[PDB]
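What follows is a set of notes on a single structure, which appears directly below.
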Amino acid sequence: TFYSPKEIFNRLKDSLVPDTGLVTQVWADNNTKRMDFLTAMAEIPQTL
Amino acid sequence: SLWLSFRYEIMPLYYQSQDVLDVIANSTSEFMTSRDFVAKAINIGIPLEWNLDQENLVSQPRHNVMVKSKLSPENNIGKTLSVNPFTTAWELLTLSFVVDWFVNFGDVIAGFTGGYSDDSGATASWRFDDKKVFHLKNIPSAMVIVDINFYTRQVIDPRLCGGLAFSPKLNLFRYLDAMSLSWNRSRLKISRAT
């Protein structure tokens with residue numbers, strides 16, 4: 001015996017959960033380069 | 001000759017103001033993204049009475065999380081600043097029209113900071129490709145084969161997740177916007193009085 005593919009895929013989508021660790025990692029990677037760019041912008045306000 | 005002379009008076013500060021400030025503002029926003037993936041294992045517990053050798057329907061898809069950041073320009077001001085040619089007919093431009101152009105320019109320049117931060121979004125995806133073949137307990141000749149293969153994409157849900165970032169809104173409204181707001185005295189002395 002085995003379960004039907006329909007219910008198997010149902011359990012699969014129920015089991016579909018975004019990777020919190022990956023989300024944290026990628027957010028850190030994004031913020032890294034984000035503040036890298038923001039660093040260059042530092043003197044624009046003084047010119048303004 | 002006197003309109004000629006006043007045009008000549010105003011022409012250098014024109015270069016300082018409309019050109020230099022524009023090219024300064026041009027260094028904003030950038031298409032950046034960060035990428036990652038995982039082969040995470042997803043299992044479904046199955047009792048051994050279900051005629052299996054195994055007990056968990058384990059799946060290891062390619063789950064990847066995509067975050068893209070174009071960051072922030074200036075709320076699409078554009079043509080309001082891309083209106084440079086107004087200095088071509090100084091022989092007839094009047095005081096008031098040029099002055100009001102400059103005032104609106106000084107206005108939109110100050111509104112840069114508040115209208116700056118825009119940020120970007122993110123998403124995620126899975127790519128299931130799994131073919132688990134299960135023996136039968138005490139019966140190697142009996143089998144189950146379950147094959148699963150698909151790729152599925154999801155947003156990063158910017159409500160719960162999708163924030164949790166640098167948020168470049170901060171560090172800039174703490175900046176000039178309130179102190180460079182002092183420019184109002186400049187427009188005061190500008191306004192043909194004081």
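Ligands are numbered from 1 in the order shown, residues from 1 within each chain, and chains are lettered A, B, ... in the order they appear in the structure tokens.
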
Against region 154-176 of chain B, which residues of region 94-148 of chain B fall within 12 Å? For each one I want the closest pair of atoms and the distance in Å (one decimal), counting only C-alpha atoms, rows by chain and increasing residue number, as CSV.
```
residue,atom,partner,partner_atom,distance
B:109,CA,B:176,CA,11.2
B:110,CA,B:176,CA,8.5
B:111,CA,B:176,CA,10.3
B:112,CA,B:176,CA,9.9
B:113,CA,B:173,CA,6.6
B:114,CA,B:173,CA,6.4
B:115,CA,B:173,CA,9.7
B:116,CA,B:169,CA,8.0
B:117,CA,B:169,CA,5.3
B:118,CA,B:169,CA,8.0
B:119,CA,B:168,CA,7.5
B:120,CA,B:162,CA,9.3
B:121,CA,B:162,CA,6.8
B:122,CA,B:156,CA,5.4
B:123,CA,B:155,CA,3.8
B:124,CA,B:154,CA,4.9
B:125,CA,B:154,CA,5.3
B:126,CA,B:154,CA,8.0
B:127,CA,B:154,CA,11.2
```

Can you write just those residues out, C-alpha atoms, as a PDB file, in the first residue's frame?
```
ATOM      1  CA  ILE B 109      15.310  69.958  -3.613  1.00  0.00           C
ATOM      2  CA  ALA B 110      14.264  70.061   0.037  1.00  0.00           C
ATOM      3  CA  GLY B 111      11.531  67.516  -0.658  1.00  0.00           C
ATOM      4  CA  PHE B 112      14.220  65.116  -1.855  1.00  0.00           C
ATOM      5  CA  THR B 113      14.863  63.650   1.579  1.00  0.00           C
ATOM      6  CA  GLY B 114      11.268  62.945   2.572  1.00  0.00           C
ATOM      7  CA  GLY B 115      10.483  61.631  -0.913  1.00  0.00           C
ATOM      8  CA  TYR B 116      13.646  59.532  -1.150  1.00  0.00           C
ATOM      9  CA  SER B 117      13.196  56.140   0.468  1.00  0.00           C
ATOM     10  CA  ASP B 118      11.421  53.601  -1.738  1.00  0.00           C
ATOM     11  CA  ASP B 119      13.084  50.184  -1.168  1.00  0.00           C
ATOM     12  CA  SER B 120      12.212  46.982  -3.033  1.00  0.00           C
ATOM     13  CA  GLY B 121      10.663  43.542  -2.543  1.00  0.00           C
ATOM     14  CA  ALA B 122      11.491  39.835  -2.420  1.00  0.00           C
ATOM     15  CA  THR B 123      10.141  36.339  -3.044  1.00  0.00           C
ATOM     16  CA  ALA B 124      11.039  32.643  -2.797  1.00  0.00           C
ATOM     17  CA  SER B 125      10.570  29.382  -4.666  1.00  0.00           C
ATOM     18  CA  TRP B 126      10.804  25.601  -4.413  1.00  0.00           C
ATOM     19  CA  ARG B 127      11.806  23.074  -7.073  1.00  0.00           C
TER      20      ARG B 127
END
```

Chain A: which residues are helix (DSSP H, G or I) by DSSP, as a CSV table (one decimal) with N, CA and C atoms, in the first residue's frame?
```csv
chain,number,residue,atom,x,y,z
A,5,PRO,N,-1.1,9.9,-4.9
A,5,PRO,CA,-0.3,11.1,-5.3
A,5,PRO,C,-1.0,12.4,-4.9
A,6,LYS,N,-2.3,12.4,-5.0
A,6,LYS,CA,-3.1,13.6,-4.7
A,6,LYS,C,-2.9,14.1,-3.3
A,7,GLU,N,-3.1,13.2,-2.3
A,7,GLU,CA,-2.9,13.5,-0.9
A,7,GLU,C,-1.5,13.7,-0.6
A,8,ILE,N,-0.6,13.0,-1.3
A,8,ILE,CA,0.9,13.2,-1.0
A,8,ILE,C,1.2,14.7,-1.4
A,9,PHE,N,0.8,15.1,-2.5
A,9,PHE,CA,1.1,16.5,-2.9
A,9,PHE,C,0.3,17.5,-2.0
A,10,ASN,N,-0.8,17.1,-1.5
A,10,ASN,CA,-1.5,18.0,-0.6
A,10,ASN,C,-0.7,18.2,0.7
A,11,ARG,N,-0.2,17.1,1.2
A,11,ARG,CA,0.7,17.1,2.4
A,11,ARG,C,2.0,17.9,2.1
A,12,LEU,N,2.4,17.8,0.8
A,12,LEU,CA,3.6,18.5,0.4
A,12,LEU,C,3.4,20.1,0.5
A,13,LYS,N,2.3,20.5,-0.1
A,13,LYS,CA,2.0,22.0,-0.1
A,13,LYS,C,1.7,22.4,1.3
A,14,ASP,N,1.1,21.6,2.2
A,14,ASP,CA,0.9,21.9,3.6
A,14,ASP,C,2.3,22.0,4.2
A,20,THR,N,13.2,30.1,7.0
A,20,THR,CA,13.5,31.2,7.9
A,20,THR,C,15.0,31.5,7.9
A,21,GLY,N,15.9,30.5,8.1
A,21,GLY,CA,17.3,30.7,8.1
A,21,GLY,C,17.8,31.3,6.8
A,22,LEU,N,17.3,30.8,5.6
A,22,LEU,CA,17.7,31.4,4.4
A,22,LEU,C,17.2,32.8,4.3
A,23,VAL,N,16.0,33.1,4.7
A,23,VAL,CA,15.4,34.4,4.7
A,23,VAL,C,16.3,35.4,5.5
A,24,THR,N,16.7,35.0,6.7
A,24,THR,CA,17.6,35.8,7.5
A,24,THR,C,18.9,36.0,6.8
A,25,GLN,N,19.5,35.0,6.2
A,25,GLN,CA,20.8,35.1,5.5
A,25,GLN,C,20.7,36.1,4.4
A,26,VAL,N,19.7,35.9,3.5
A,26,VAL,CA,19.6,36.8,2.3
A,26,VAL,C,19.2,38.2,2.7
A,27,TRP,N,18.5,38.4,3.8
A,27,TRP,CA,18.2,39.7,4.3
A,27,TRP,C,19.5,40.4,4.7
A,28,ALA,N,20.3,39.6,5.4
A,28,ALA,CA,21.6,40.2,5.9
A,28,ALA,C,22.5,40.5,4.7
A,29,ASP,N,22.5,39.6,3.7
A,29,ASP,CA,23.3,39.9,2.4
A,29,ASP,C,22.8,41.2,1.8
A,30,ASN,N,21.5,41.3,1.7
A,30,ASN,CA,20.9,42.5,1.1
A,30,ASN,C,21.3,43.8,1.8
A,31,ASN,N,21.1,43.7,3.2
A,31,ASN,CA,21.4,44.9,4.0
A,31,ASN,C,22.9,45.3,3.9
A,32,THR,N,23.7,44.3,3.7
A,32,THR,CA,25.2,44.6,3.6
A,32,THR,C,25.4,45.5,2.5
A,33,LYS,N,25.1,45.1,1.2
A,33,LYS,CA,25.3,45.9,0.1
A,33,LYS,C,24.4,47.2,0.1
A,34,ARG,N,23.3,47.1,0.8
A,34,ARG,CA,22.4,48.2,0.9
A,34,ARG,C,23.1,49.4,1.6
A,35,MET,N,23.6,49.1,2.8
A,35,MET,CA,24.3,50.1,3.5
A,35,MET,C,25.7,50.4,2.9
A,36,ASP,N,26.2,49.5,2.1
A,36,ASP,CA,27.4,49.8,1.3
A,36,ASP,C,27.1,51.0,0.3
A,37,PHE,N,26.0,50.9,-0.4
A,37,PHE,CA,25.6,52.0,-1.3
A,37,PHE,C,25.2,53.2,-0.5
A,38,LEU,N,24.5,53.1,0.6
A,38,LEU,CA,24.1,54.2,1.5
A,38,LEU,C,25.4,54.9,2.0
A,39,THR,N,26.5,54.2,2.1
A,39,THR,CA,27.7,54.8,2.6
A,39,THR,C,28.2,55.9,1.6
A,40,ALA,N,28.1,55.6,0.3
A,40,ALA,CA,28.5,56.5,-0.8
A,40,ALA,C,27.7,57.8,-0.7
A,41,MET,N,26.4,57.6,-0.3
A,41,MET,CA,25.5,58.8,-0.3
A,41,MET,C,25.7,59.7,0.8
A,42,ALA,N,26.7,59.5,1.7
A,42,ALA,CA,26.9,60.2,2.9
A,42,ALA,C,27.1,61.7,2.7
A,43,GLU,N,27.7,62.1,1.7
A,43,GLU,CA,28.0,63.5,1.5
A,43,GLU,C,27.1,64.3,0.6
A,44,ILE,N,26.1,63.6,0.0
A,44,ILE,CA,25.1,64.3,-0.8
A,44,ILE,C,24.3,65.2,0.1
A,45,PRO,N,23.9,64.9,1.3
A,45,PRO,CA,23.1,65.9,2.1
A,45,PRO,C,23.9,67.1,2.3
A,46,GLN,N,25.2,67.0,2.6
A,46,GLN,CA,26.0,68.2,2.9
A,46,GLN,C,26.0,69.1,1.7
A,47,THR,N,26.2,68.6,0.5
A,47,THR,CA,26.1,69.3,-0.7
A,47,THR,C,24.7,70.0,-0.9
```

Give me, as JSON lines, the closest atom pair and its distance (Å, one decimal) for every residue of chain B within a cut-off of 7 Å of chain A, counting only C-alpha atoms, rows sorted by chain and rising number.
```
{"residue": "B:24", "atom": "CA", "partner": "A:44", "partner_atom": "CA", "distance": 6.6}
{"residue": "B:33", "atom": "CA", "partner": "A:30", "partner_atom": "CA", "distance": 6.5}
{"residue": "B:34", "atom": "CA", "partner": "A:30", "partner_atom": "CA", "distance": 5.6}
{"residue": "B:35", "atom": "CA", "partner": "A:26", "partner_atom": "CA", "distance": 6.5}
{"residue": "B:36", "atom": "CA", "partner": "A:26", "partner_atom": "CA", "distance": 6.7}
{"residue": "B:50", "atom": "CA", "partner": "A:1", "partner_atom": "CA", "distance": 6.4}
{"residue": "B:51", "atom": "CA", "partner": "A:1", "partner_atom": "CA", "distance": 5.9}
{"residue": "B:65", "atom": "CA", "partner": "A:23", "partner_atom": "CA", "distance": 6.6}
{"residue": "B:67", "atom": "CA", "partner": "A:26", "partner_atom": "CA", "distance": 6.8}
{"residue": "B:144", "atom": "CA", "partner": "A:2", "partner_atom": "CA", "distance": 6.8}
{"residue": "B:165", "atom": "CA", "partner": "A:27", "partner_atom": "CA", "distance": 5.9}
{"residue": "B:166", "atom": "CA", "partner": "A:31", "partner_atom": "CA", "distance": 5.3}
{"residue": "B:176", "atom": "CA", "partner": "A:45", "partner_atom": "CA", "distance": 6.5}
```

### Query
Between B:25, B:10, B:133, B:92, which has the minimum distance to residue 73 (chain B) (counting only C-alpha atoms)?
B:25

### Query
Quick one, how far is CA of residue 102 (chain B) from CA of residue 3 (chain B)?
17.5 Å

### Task
Compile the contact shell of residue 100 (chain B) as a VMD selection string: residues with an atom at most 12 Å away, counting only C-alpha atoms, same-chain residues fewer than 3 positions apart removed.
chain B and resid 86 93 to 97 103 to 107 187 190 to 192

### Option closest in space to residue 41 (chain B), from B:89, B:81, B:57, B:99 [counting only C-alpha atoms]
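Using only C-alpha atoms, residue 41 (chain B) sits closest to B:57.
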
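By chain and then residue number, the residues within 9 Å of residue 7 (chain B) are residues 2, 87, 90 and 91 of chain B, counting only C-alpha atoms and disregarding those fewer than 5 positions away in sequence.
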
May I have the residues from that selection written out with N, CA and C atoms, as a compact mmCIF listing (two decimals), in the first residue's frame?
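Okay, this is what ended up in result22.txt:
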```
# COMPACT_ATOMS: atom_id res chain seq x y z
N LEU B 2 20.47 95.92 -19.87
CA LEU B 2 20.30 95.66 -18.44
C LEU B 2 19.73 94.26 -18.20
N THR B 87 16.18 78.60 -19.32
CA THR B 87 17.18 79.65 -19.48
C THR B 87 17.66 79.62 -20.93
N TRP B 90 16.47 84.99 -22.02
CA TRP B 90 16.66 86.01 -21.00
C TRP B 90 16.29 87.40 -21.48
N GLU B 91 16.34 87.63 -22.80
CA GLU B 91 15.93 88.92 -23.35
C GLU B 91 14.50 89.24 -22.96
```
